[PDB]
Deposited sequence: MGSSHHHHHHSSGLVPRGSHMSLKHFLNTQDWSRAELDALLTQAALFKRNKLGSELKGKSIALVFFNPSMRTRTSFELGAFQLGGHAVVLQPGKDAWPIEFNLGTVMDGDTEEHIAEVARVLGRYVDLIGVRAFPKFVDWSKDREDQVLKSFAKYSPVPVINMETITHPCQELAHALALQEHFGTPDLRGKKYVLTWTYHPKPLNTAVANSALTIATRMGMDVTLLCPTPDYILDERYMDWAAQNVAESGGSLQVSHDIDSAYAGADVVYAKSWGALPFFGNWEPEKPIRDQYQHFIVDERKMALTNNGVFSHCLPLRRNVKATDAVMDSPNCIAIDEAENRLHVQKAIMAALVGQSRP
């Protein structure tokens, strides 16, 4: 009945409890909250980091993770399956639900159409047909990353209350168009936590889907923080406490990534470097990984003592354990 599809679906108190359980697990990693239980990790797209953290997380709590990497499933109802689909998600979710206690789902968008991708069909289908809790391991939003990220910020600042912090979610250069998942999640969680958020991107075409812009706005009101869109690098970084980098192809160009290649390439200066970081208030830098060094961020920034990307990546483990424990 209760799933962990997006943090936006959980009340603030529930998210706070998850973060605290995550901190507790970080102090005592071995437990029995999942003793004799199991989780099916269904990866429609490969991920070494996510597979490792979840698999180990289940093991450490006495459970077992079954890793499934399909590779042809039909999600549409009343559809004559005479095509290339062998079985309907109805049967898949229901069968797995007779075996495991939880189901994790990872499904990256096709990038051939944001119009379709934004529907989150794969995840919504599992959540609808599954008799057991479903966990978003990343589709168009990365909720587990949000919490790992948030925990890392709380540990860094020495407090659970992040209000008053200047948070800068900056777009970054990449030779190819990327998913907005991490970006959408970053906006969601930074505002939900009540920080002064600024979405820094090259042009208005890079502004995130309305769904998330509304989420952020709605969260600003609840948390007492602030939101703001910007296109000026130097002013955005100024006096910033946190800088989060993430690359993503402008939504208005989904389907054809040819005329955009020259557009993104003229913005290879949005790379986070010491010059920019020095403008902040001794702010910290982080990225969700994988990160292309000297493209999204310079080797100097990465190896800096202000980069907490490795801590954030570690926290995926502790945060995902808190989620699995809450759902069982």
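Residues 1-22, 94-97, 355-359 of the deposited sequence have no C-alpha coordinates in the structure.
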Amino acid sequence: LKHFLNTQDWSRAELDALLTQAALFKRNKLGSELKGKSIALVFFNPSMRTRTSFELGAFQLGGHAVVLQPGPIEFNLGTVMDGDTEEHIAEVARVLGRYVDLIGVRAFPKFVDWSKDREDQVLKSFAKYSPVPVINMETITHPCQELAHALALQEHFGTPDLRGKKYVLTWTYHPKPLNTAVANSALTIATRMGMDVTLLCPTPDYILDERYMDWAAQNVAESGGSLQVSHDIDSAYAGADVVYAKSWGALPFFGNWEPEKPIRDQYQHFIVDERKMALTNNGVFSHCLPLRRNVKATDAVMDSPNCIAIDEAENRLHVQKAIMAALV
From here on, numbers count along this sequence of modelled residues.
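Between two forms, the rigid core is the largest collection of C-alphas that superpose within 1.5 Å.
Per-stretch RMS Cα distance to the displayed form in 5 other deposited structures of this protein, following rigid core alignment, is highest for 79-87 when 240-248 and 79-87 are compared. Comparing 112-120 with 132-140 in 5 other deposited structures of this protein, after superposition on the rigid core, the stretch with the greater RMS C-alpha deviation is 112-120. Between 169-177 and 151-159, it is 169-177 that carries the larger average Cα temperature factor according to the deposited entry. Stretches 48-56 and 274-282 differ in mean CA B factor, with 274-282 having the higher one. Remark: of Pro133, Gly97, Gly194, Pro252, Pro252 shows the highest value [criterion: C-alpha B-factor in the PDB entry]. When the C-alpha B factors of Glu146, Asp117, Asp234, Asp101 are read from the deposited coordinates, the top value falls at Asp234. Per the deposited record, the Cα B-factor of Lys110 falls in the highest third when ranked against the other modelled residues of its chain. Ranked by C-alpha B-factor against the other modelled residues of its chain, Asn315 falls in the lowest third. Sort the chain's modelled residues by C-alpha temperature factor and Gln21 lands in the lowest third, per the entry.
For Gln69, the recorded CA B-factor ranks within the middle third of the chain. Only modelled residues enter the ranking.
Among the modelled residues of the chain, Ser230 sits in the highest third by CA temperature factor in this PDB entry.
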